[PDB]
Amino acid sequence: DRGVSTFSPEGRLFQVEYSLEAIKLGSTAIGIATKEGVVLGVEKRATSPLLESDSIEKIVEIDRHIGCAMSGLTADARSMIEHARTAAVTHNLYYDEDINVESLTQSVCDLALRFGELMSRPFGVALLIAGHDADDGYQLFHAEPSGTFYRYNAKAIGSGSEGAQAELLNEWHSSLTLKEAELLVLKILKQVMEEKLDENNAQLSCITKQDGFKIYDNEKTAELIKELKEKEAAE
Amino acid sequence: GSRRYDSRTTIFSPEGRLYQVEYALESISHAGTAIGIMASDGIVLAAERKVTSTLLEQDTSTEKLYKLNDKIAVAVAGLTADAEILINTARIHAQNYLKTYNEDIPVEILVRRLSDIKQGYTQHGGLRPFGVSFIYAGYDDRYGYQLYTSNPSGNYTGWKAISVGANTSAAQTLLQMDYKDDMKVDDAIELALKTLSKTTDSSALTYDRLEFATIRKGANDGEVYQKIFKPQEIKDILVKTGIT
Amino acid sequence: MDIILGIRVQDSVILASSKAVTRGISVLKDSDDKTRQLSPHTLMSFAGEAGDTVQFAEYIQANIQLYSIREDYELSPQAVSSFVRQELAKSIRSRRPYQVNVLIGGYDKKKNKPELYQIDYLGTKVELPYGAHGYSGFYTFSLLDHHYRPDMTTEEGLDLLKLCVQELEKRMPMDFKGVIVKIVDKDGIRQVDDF
Amino acid sequence: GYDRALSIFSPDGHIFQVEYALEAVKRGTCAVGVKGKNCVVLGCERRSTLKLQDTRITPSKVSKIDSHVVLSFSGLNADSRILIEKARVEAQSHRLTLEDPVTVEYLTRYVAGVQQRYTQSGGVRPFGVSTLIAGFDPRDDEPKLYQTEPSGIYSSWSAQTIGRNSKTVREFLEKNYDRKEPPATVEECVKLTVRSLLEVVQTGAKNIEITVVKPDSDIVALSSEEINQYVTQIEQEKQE
Amino acid sequence: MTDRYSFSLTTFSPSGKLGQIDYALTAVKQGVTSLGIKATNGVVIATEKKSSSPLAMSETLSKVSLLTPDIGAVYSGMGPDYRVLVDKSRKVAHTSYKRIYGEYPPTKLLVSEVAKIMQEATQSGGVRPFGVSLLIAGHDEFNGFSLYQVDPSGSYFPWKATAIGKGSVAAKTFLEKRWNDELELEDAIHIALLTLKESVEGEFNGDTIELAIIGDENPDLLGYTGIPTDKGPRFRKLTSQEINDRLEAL
Amino acid sequence: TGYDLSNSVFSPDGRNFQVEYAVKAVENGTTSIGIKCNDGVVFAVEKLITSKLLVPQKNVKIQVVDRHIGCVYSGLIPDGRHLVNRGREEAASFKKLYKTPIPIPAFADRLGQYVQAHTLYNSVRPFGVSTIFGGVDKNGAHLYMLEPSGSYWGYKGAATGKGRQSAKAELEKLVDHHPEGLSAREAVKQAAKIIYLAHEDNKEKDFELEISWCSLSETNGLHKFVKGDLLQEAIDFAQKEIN
Amino acid sequence: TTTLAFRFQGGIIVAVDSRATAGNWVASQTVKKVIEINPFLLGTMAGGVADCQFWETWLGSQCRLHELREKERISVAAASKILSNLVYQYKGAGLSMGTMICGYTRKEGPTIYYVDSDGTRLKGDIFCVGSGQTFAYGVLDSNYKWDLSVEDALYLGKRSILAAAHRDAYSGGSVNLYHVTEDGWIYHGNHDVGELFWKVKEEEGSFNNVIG
Amino acid sequence: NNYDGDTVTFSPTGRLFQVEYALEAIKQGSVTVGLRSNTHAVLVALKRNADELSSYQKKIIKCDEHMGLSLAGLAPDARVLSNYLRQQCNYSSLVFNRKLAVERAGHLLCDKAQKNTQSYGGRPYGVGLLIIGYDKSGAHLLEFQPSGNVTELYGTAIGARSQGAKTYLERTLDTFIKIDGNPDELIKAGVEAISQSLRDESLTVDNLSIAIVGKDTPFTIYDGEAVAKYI
Ligand SMILES: *[C@@](C)(CO)[C@](*)(O)[C@H](CC(C)C)NC(=O)[C@H](Cc1ccccc1)NC(=O)[C@H](CC(C)C)NC(=O)[C@H](CCc1ccccc1)NC(=O)CN1CCOCC1
């Protein structure tokens with residue numbers, strides 16, 4: 001065989017590159033940032049109809065001012081979320097304040113490359129981390145198993161990512177309202193999903209300065225789906 | 001580094017099997033047959049020694065049947081050295097329980113712990129598994145007389161009658177044929193010997209190639225006795241059933 | 001903590017334990033239950049150092065409950081008492097020992113007999129027809145030596161117990177705020193509400 | 001200490017050791033879980049190539065984790081004991097610190113977390129086991145049924161099956177189970193569970209085990225004759 | 001740095017063989033012949049002294065070794081592996097028995113400890129099995145005289161008489177014809193010398209042969225007097241002269 | 001085969017191919033020399049000027065150990081630095097326990113044993129440097145050369161790198177023509193000449209000279225660098241000889 | 001310190017003083033001895049300031065982590081036991097704490113737990129903790145009924161701290177009041193003993209031992 | 001081929017392929033330039049994005065008031081190495097009340113990278129670094145390679161198409177070395193230098209990244225509208 005922390009002749013780490021392929025097989029997750037807030041949405045993708053879809057938990061709270069969505073080998077994300085929640089609460093204990101979104105993301109990404117022959121392999125899951133703070137305002141971050149993180153105005157990850165990203169390139173502008181961003185996530189999710197989009201197989205969430213991080217109900221999302229269909233038929 | 005020479009003893013095959021456990025079972029199938037039969041008033045343990053030499057000391061010998069405590073014994077099939085490592089651990093475990101609770105260890109609890117040790121060697125550590133299968137014969141005041149088996153996988157099951165080692169397929173068919181629930185010990189003694197006599201790879205079954213033991217309540221009033229048979233006692237019981 | 005008593009009669013074991021919890025010059029509580037059910041037919045009362053008592057009792061409770069689930073079987077009172085003794089015997093040579101004295105009352109369902117064990121913080125175990133920890137014994141033992149018989153009923157045992165509490169309330173220096181009484185028999189564990 | 005990374009990614013983005021652990025689950029005996037209006041039922045297959053067995057002492061397929069939660073499985077039997085032991089210890093630890101028994105979701109999350117840890121730790125292989133975990137939360141009457149698998153993912157199910165020929169019995173349950181109206185009674189819930197196993201088993205003699213769990217720590221295992229009556233009734237209605 | 005070999009070097013093959021143990025037994029087959037015979041009042045163990053060079057002093061190299069005053073050992077196979085096993089065997093007799101019970105262990109239990117050490121080299125990380133088979137003779141009060149063989153796997157068997165190494169097949173057959181249950185110790189020494197002449201090719205005298213017995217107690221070899229219960233070692237190594245005396249009436 | 005894939009494995013010849021492969025990395029490096037003299041030792045080294053952008057005199061390659069030992073090396077520069085860091089720890093623990101500064105032969109074996117230790121396991125790589133080193137102690141002057149295998153000897157003169165053969169030939173002539181001995185100041189001059197003559201084997205990029213010395217009379221038994229007037233005087237002597 | 005909390009018909013009243021001392025030196029008159037753990041949980045502080053302040057703050061962080069992990073507010077029982085298990089680990093090391101964990105949840109209702117540095121943990125309806133606990137008990141016990149109104153209960157809590165503030169040399173400064181209901185805790189102001197004593201003396205006619 | 005499985009293995013010609021493969025990761029990275037005069041030392045860096053919706057990856061990192069670096073290659077490795085430098089600079093200040101020499105900073109980075117090339121299990125660092133600083137011996141510029149080699153220079157560049165800027169600085173050597181007491185002119189020369197490595201893309205306001213340190217100037221970084229002056 002071969003070492004776990006080996007470089008390829010092109011100068012890339014084999015295991016990190018292979019973990020990126022696992023993330024491409026994962027279910028779609030989309031995030032959009034506005035001046036009124038940040039929206040996070042995901043495809044649930046139940047493997048069978050007998051599975052109770054509401055138990056599928058791919059959107060997660062880290063703190064009141066920071067939320068998180070995931071895609072790939074979702075079981076690997078549990079220890080990442082556990083670390084994030086501890087990091088956020090620990091900083092509040094040491095400094096009597098909220099922790100910056102960027103500083104939280106950096107703390108999670110420090111775990112990434114702690115593998116070799118530390119854990120036995122990289123994480124096989126990517127994360128969209130959304131939040132707000134007083135200094136840099138509303139923010140969206142894409143955290144990879146390479147240990148790298150980029151800030152984004154909008155970003156998609158998972159199987160329908162390259163198609164959804166191209167659509168986000170055209171649709172995003174700096175004046176988007178929160179409502180406009182909610183509909184836009186639903187629209188793009190409906191496009192890249194296999195099965196027909198409804199309130200049971202897709203889930204929305206958002207983070208605002210005033211109310212903090214909130215996962216939407218199935219009743220609330222269902223109305224936004226109905227509002228979306230009506231507007232597309234209106235021209 | 002040393003990665004080059006690692007056999008990876010604790011991995012799955014593409015079919016979802018454990019290579020080393022399967023190969024350890026293949027090893028055990030060439031070992032001398034051992035039979036355990038459970039009657040209403042006792043338990044029999046019978047085992048065949050591996051191709052004997054005439055200059056072997058037979059009376060002061062122990063290969064197949066071992067005593068774990070006063071109420072529990074085991075029959076061995078596989079590598080003897082590996083078995084003794086496990087037997088000493090089981091003996092210690094029994095004494096820990098007695099020290100802690102002031103009661104003799106229940107049979108299943110002893111069996112489970114020994115089987116859990118075997119399981120560990122198949123999931124972590126990178127070491128080869130123990131090439132040993134046990135038949136456990138014992139008594140306690142909860143379930144009475146009990147027969148169990150364990151194998152390198154660390155999986156264990158309970159039985160009325162069972163064989164391990166060589167020719168188990170043929171031996172299990174014969175036991176399934178003649179066994180019934182209201183059976184006595186003396187009948188079970190006869191069944192055990194008759195089954196070995198028909199499944200053996202030797203020309204004829206003799207006293208010097210056997211190990212035998214019973215666990216009866218044949219002591220005086222409500223107590224269990226372990227009898228490990230002497231050579232002359234095996235010679236007599238073989239004549240008494242008309243095999244020689 | 002202070003007063004814990006135990007009496008074994010024909011068909012049951014009766015435990016009586018004081019209700020007071022006192023710190024400094026203040027009685028902080030007068031309804032404290034100084035006991036834990038270890039299994040359906042086994043009960044343990046306790047007394048000693050603050051904090052240690054409950055921590056130890058609950059630790060034993062958790063271990064016996066774990067055993068019950070694992071084996072789907074109830075350990076005998078003798079077996080439980082031996083486990084508890086060993087834990088205290090380990091403790092006495094630790095960096096910081098458990099300063100807790102206990103009584104274990106149980107009904108053995110296999111033998112159909114009640115059993116009472118007295119164990120101190122050193123790990124000193126004895127089976128007894130009647131037992132006590134602390135200063136209580138200096139009054140109750142002589143009293144029970146006189147009035148106790150081995151063939152007594154549960155009702156007779158409760159009257160015998162009333163006689164002990166009355167004596168303690170007369171001659172003990174501290175106000176221990178009465179006792180909670182519990183009975184252990186073939187049908188399990190129950191509490192006497194009016195004592 | 002033995003350090004080797006046994007669970008690793010491949011070029012196509014798969015972890016073969018985790019996927020091969022799923023094959024071990026596929027080899028295991030079938031296990032099914034169905035939840036009704038006021039109960040959950042766990043059914044389990046037992047292979048009949050083993051006669052001369054002693055059923056008194058042989059390890060049962062369904063295990064109590066606490067007085068209100070049960071766990072069944074499919075896959076390597078020895079591996080399952082390790083998960084069951086860890087779960088039982090955590091159950092008692094939760095009661096000790098939180099002064100309340102575990103929820104079914106919490107217990108599942110713990111067992112699933114253990115399985116995940118064995119997929120990215122050095123010197124260990126994944127568990128060759130998938131589990132069905134069922135019960136009722138403390139002071140609650142809503143039935144709970146969860147599933148776990150070697151990778152570590154877990155989820156809730158109205159009804160679910162695992163093990164060999166599980167795709168056949170899942171097919172049966174998908175058309176026979178109505179979300180709008182689940183099995184109203186205990187009898188209806190057991191019958192549907194037995195029916196689903198009869199699609200795969202062979203004979204309805206000493207091959208099927210049934211365990212019923214009701215609210216407030218009310219768990220009981222059915223005997224041979226009790227199960228056989230369900231088998232006799234179903235076959236007579238079939239001939240039509 | 002550090003021992004990265006934490007995994008087993010002996011594993012099961014598809015056919016069920018343990019390769020390294022088989023290969024270790026092959027090394028024992030190549031080794032020089034050694035034997036052991038049990039009499040009514042004693043035990044004898046013998047082997048050829050294969051010299052590496054005539055300039056080498058074969059007296060300095062001892063193939064027959066004292067383990068306790070009443071237990072001795074000989075081998076066939078790899079010499080260096082044997083030497084370190086003798087060191088470990090001598091030590092374990094003290095640490096796991098004499099320092100606990102105040103007396104030397106019985107033969108069967110000392111053998112059981114040596115067998116354990118050899119079994120661990122079959123399963124532990126980063127080691128090969130021992131390339132030797134041992135013959136261990138000994139006496140103790142409650143079992144009397146006894147002879148044991150120990151193989152690379154860690155298995156051990158009790159024998160009336162046996163041989164191991166180069167010409168063990170022929171030597172075992174020779175011992176079957178001559179062995180009975182009424183043999184005196186001197187008769188067993190005579191048969192030991194006859195059996196060994198068949199496997200030896202070159203010179204056959206007291207200088208090329210190494211032989212030791214487990215017999216009566218030797219007060220003269222004790223080194224002190226005054227304690228009645230201490231009567232001396234039962235292990236004795238026969239001298240070069242003592243062997244030649246028995247080769248004349250052969 | 002496959003005997004060359006792992007360190008500490010003997011080939012059927014009895015050779016350790018991984019060490020021989022490390023020697024190839026030394027042969028690829030720049031030239032460095034050592035000259036033993038009347039009452040001390042001199043060290044010199046070739047520094048290739050890759051670009052105009054290199055700061056002259058500010059990429060120092062010769063290293064001091066303690067206050068009386070000098071070390072130069074050819075091959076993988078980082079590996080050499082690791083060896084010197086160990087050397088400095090070895091010398092420090094000697095002086096701590098025994099008071100006196102570490103003797104040169106004592107120091108030589110400390111490095112030797114450490115390098116040799118990296119040929120004993122497959123979990124480490126051999127060193128990719130040959131090290132010329134020495135100094136003055138109670139018994140006088142000593143010059144040593146140490147190789148990837150762990151082998152070292154004493155030397156009258158020593159050389160290693162890409163131009164080792166040219167430097168060896170020139171060193172042999174000095175030993176023959178000066179049987180009674182060579183002075184410290186002369187040995188500095190000669191060291192310059194030999195580096196310049198050895199530069200003919202690396203003449204694409206022009207180079208920078210760097211010398212150091214230890215002498216009982218000239219430097220009072222301590223290790224110093226040659227700079228300024230004495231350095232330029234040695235450069236001019238070398239320039240006159242090539243033409 | 002003097003701190004108290006009692007259970008009654010309309011929930012829980014919690015009252016504390018605000019003095020800090022180093023021997024006979026009055027170090028502060030304005031110390032906060034109640035800690036707001038969440039909208040439904042309160043913690044009281046007696047003993048060492050650093051010990052109480054540090055660990056009860058640590059407790060709040062552990063409670064926040066519970067509701068993030070379990071998607072549910074922590075019980076008063078579980079919250080109090082985290083603290084009691086923590087201090088038990090330090091038993092003998094010299095921590096000095098007398099605390100009360102007070103709050104409401106659905107499953108428990110209004111609940112009070114006493115927790116101290118030698119590991120004692122007690123559920124109860126009434127507790128007074130601190131150097132002036134006995135002075136508070138004297139007034140509180142003699143006037144307590146379950147059927148007290150919210151208005152009367154608030155006053156009794158206030159009046160009991162005032163009693164201890166007056167007689168205990170190591171208690172004083174001001175009174176801080178809290179009321180805990182099914183909807184959460186409500187703050188009922190800071191009350192300086194400088195003004196409150198005379199106001200109570202005049203209106204109530206009590207404190208006749210003092211020169212008017 | 002057969003000798004590139006790990007860092008502990010030499011090739012038949014004496015090469016360490018895993019170290020060479022790490023060197024390759026630097027070549028793929030975005031360009032970054034370094035140069036100095038006698039009074040000041042400057043870093044210029046071209047930042048890279050994922051797409052138009054993403055941010056630009058930050059290339060420059062501060063180590064102390066008087067020292068910092070720019071990166072090219074694996075960014076997480078630069079974070080580990082810079083953190084080590086931050087600790088070493090800090091150890092010098094707390095224990096000796098001494099600002100760490102830039103030359104010693106290099107020696108410490110070399111020795112840390114080397115240990116990862118001689119042991120089994122580990123891997124080389126996959127990043128190159130340009131370290132600038134002002135200490136007691138004036139301004140300094142260092143180039144770090146993960147092979148362990150550290151070099152002090154007047155000017156240099158690393159990353160993709162870094163040969164263009166390296167050639168320019170080789171021509172401009174005599175000019176920019178004498179830019180003393182004039183920060184803006186030394187930056188202008190650095191901006192003109194990095195421009196020789198551009199293809200199809202030009203320097204924009206959220207693309208460029210500059211950093212400076214000197215005699216009466218602490219290590220500071222300029223981004224955004226603060227670099228509009230130099231376009
Ligand atoms: C009532 C008021 C009396 O107990 C309350 O119980 C309050 C509790 C509230 C404020 C939480 N308790 C105190 O005010 C408490 C009493 C006390 C003192 C010392 C040990 C235990 C309990 N006071 C303190 O904790 C004071 C706080 C103020 C700010 C000074 N702190 C000290 O006395 C400190 C630290 C004590 C200490 C604890 C453990 C290890 C070491 C030290 N000590 C000093 O500041 C030293 N001293 C002050 C006088 O000037 C010389 C230096």
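Values reported hereafter were calculated over all heavy atoms of this structure, with side chains retained and with hydrogens, waters and symmetry mates removed. Order of the sequence lines fixes the chain letters, A, B, ..., with proteins taken first and strands second; residue numbering starts at 1 for each chain.
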Asker: Mind listing the closest non-hydrogen atom pair of A/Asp1 and D/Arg4 along with its distance?
Answerer: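 Taking every non-hydrogen atom into account, OD2-NH1, 4.0 Å.
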Asker: Looking at D/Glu187, I'd like to know if its CD atom is crowded, meaning that more than 12 non-hydrogen atoms belonging to other residues, nucleotides or ligands lie closer than 6.0 Å.
Answerer: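 No, CD of D/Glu187 has 12 or fewer neighbouring heavy atoms, counting only those of other groups under 6.0 Å.
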Asker: What pair of heavy atoms forms the shortest contact from A/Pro122 to D/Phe9, and how long is it?
Answerer: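 In terms of heavy atoms, the two residues are closest at O-CE1, 3.4 Å.
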Asker: Heavy-atom pairs under 4.5 Å with chain A: which of D/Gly13, D/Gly123, D/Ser7, D/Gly152 has the most?
Answerer: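 Looking at each of D/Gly13, D/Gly123, D/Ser7, D/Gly152 in turn, D/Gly13 comes out on top.
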Asker: Which one of D/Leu145, D/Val124, D/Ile8, D/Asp3 has the most heavy-atom pairs closer than 4.5 Å to chain A?
Answerer: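 Looking at each option in turn, the highest pair count goes to D/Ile8.
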Asker: Nearest 0.5 angstrom please: D/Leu6 CG to A/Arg121 CZ, how far?
Answerer: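 D/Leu6 CG to A/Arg121 CZ: 12.0 Å, rounded to 0.5 Å.
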Asker: Salt bridge (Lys or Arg N to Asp or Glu O under 4.0 Å), that's the test. Do A/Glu52 and D/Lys35 meet it? Break it down for me.
Answerer: CA-CA 12 Å; A/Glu52 300 183 352; D/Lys35 85 195 210 182; 2.8 Å; yes
Asker: Are there residues of residues 66-77 of chain A that reach to under 4.5 Å of chain D by heavy atoms, and which ones?
Answerer: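 Within residues 66-77 of chain A, near chain D: A/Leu73, A/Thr74, A/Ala75, A/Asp76.
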Asker: Please indicate whether A/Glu195 has more than 12 foreign heavy atoms, meaning atoms of other residues, nucleotides or ligands, lying under 6.0 Å from its CD.
Answerer: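 Yes - once you tally the heavy atoms of other residues, nucleotides and ligands closer than 6.0 Å, there are more than 12.
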Asker: Kindly check if the number of other-residue, nucleotide or ligand heavy atoms within 6.0 Å of CD (D/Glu99) is above 12?
Answerer: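 Result for CD/D/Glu99: enclosed.
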Asker: So which heavy atom on D/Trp157 is nearest to which on A/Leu50, and how close?
Answerer: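 Minimum heavy-atom contact is CE3-C, 3.6 Å.
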Asker: Is there a side chain to side chain contact (heavy atoms under 4.5 Å, CB included) between D/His14 and A/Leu25? Walk through the geometry before answering.
Answerer: CA-CA 10 Å; D/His14 292 138; A/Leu25 296 167; 3.8 Å; yes
Asker: What do you reckon, is CD of A/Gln191 surrounded by more than 12 foreign heavy atoms closer than 6.0 Å?
Answerer: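 Result for CD/A/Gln191: enclosed.
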Asker: Which one, D/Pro11, D/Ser151, D/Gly113, leads in non-hydrogen pairs under 4.5 Å with chain A?
Answerer: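 Ranked by heavy-atom pairs under 4.5 Å with chain A, first place is D/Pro11.
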Asker: Contact part of D/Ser10 toward chain A, heavy-atom cut-off under 4.5 Å: side chain, backbone, both or neither?
Answerer: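 Looking at D/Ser10, just its backbone touches chain A.
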Asker: Most heavy-atom pairs under 4.5 angstrom with chain D, which of A/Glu17, A/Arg78, A/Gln15?
Answerer: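 Looking at each option in turn, the highest pair count goes to A/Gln15.
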Asker: Heavy atoms only: give me the nearest D/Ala5-A/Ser120 pair and the separation to one decimal.
Answerer: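 Shortest heavy-atom separation between D/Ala5 and A/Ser120 comes out as CB-O, 3.5 Å.
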Asker: How would you list, by chain and number, every residue that makes a salt bridge (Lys or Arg N to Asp or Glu O under 4.0 Å) with A/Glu21, sequence neighbours excluded?
Answerer: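 Per chain and number, A/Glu21 pairs via salt bridge (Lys or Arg N to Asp or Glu O under 4.0 Å) with A/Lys24.
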Asker: May I ask you to test the D/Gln120-A/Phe123 pair for a side-chain heavy-atom distance under 4.5 Å?
Answerer: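 D/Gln120 reaches A/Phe123 side chain to side chain.
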Asker: Counting only heavy atoms not in D/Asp216 (residues, nucleotides, ligands), do more than 12 fall under 6.0 Å from its CG?
Answerer: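 Incorrect, the count does not exceed 12.
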Asker: Within a 6.0 Å radius of atom CG on A/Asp96, are there more than 12 heavy atoms belonging to other residues, nucleotides or ligands?
Answerer: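 Not more than 12 within 6.0 Å, no.
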Asker: For D/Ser121, is it the side chain, the backbone, both or neither that has a heavy atom under 4.5 Å from a heavy atom of chain A?
Answerer: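 Answer is backbone: N, CA, C or O of D/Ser121 sit under 4.5 Å from chain A.
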Asker: Can you tell me if NZ on D/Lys37 sees more than 12 non-hydrogen neighbours from other groups inside 6.0 Å?
Answerer: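 It does not: D/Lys37 NZ has 12 such atoms or fewer within range.
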Asker: Atom CD of D/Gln160 and atom OG of A/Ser48: how far apart are they, to the nearest 0.5 Å?
Answerer: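 Going from the CD atom of D/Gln160 to the OG atom of A/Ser48 covers 6.0 Å.
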